[PDB]
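K.L.:
In the entry's author numbering, the protein residues as written are 1 to 103.
Quick reminder that beta carbons are idealized off the backbone N, C-alpha and C, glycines included.
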């Protein structure tokens, strides 16, 4: 059971049962996008997923830069883990940008 990340982001996450899932971290990366990383590990829904930082749980969904919070260290956010990962058929899309280059 091993898969390769897309954003090359790795973090430490501990579930209630003890399971561990790799999550992405960044100043401009909020739980909104992070949900795509954790979803590939177990597939836990961010809508119900709980965010626990420094033992304190939260709910709001903002960036570390805007919320000035420390999530690029140790964060554990998992709701009723299950255990389901893979290398194929995972939550990941293309990070391309628009063109619009006329003469």
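#1: How long is the line joining the alpha carbons of residue 73 and residue 44, rounded to whole angstroms?
#2: Which residue comes first and which comes last in the alpha helix (DSSP H) that contains residue 57?
#3: For residue 52, write down the residues that DSSP places opposite it in a beta bridge.
#4: To the nearest angstrom, how far is the alpha carbon of residue 87 from that of residue 50?
#5: If you check the beta carbons only, do residue 24 and residue 7 fall under 7 Å apart?
P.N.:
In terms of the structure at hand:
#1: 21 Å
#2: Counting along the chain, residue 57 falls outside any alpha helix (DSSP H), though it belongs to the beta strand (DSSP E) covering 56-58.
#3: 57 and 76
#4: 25 Å
#5: yes
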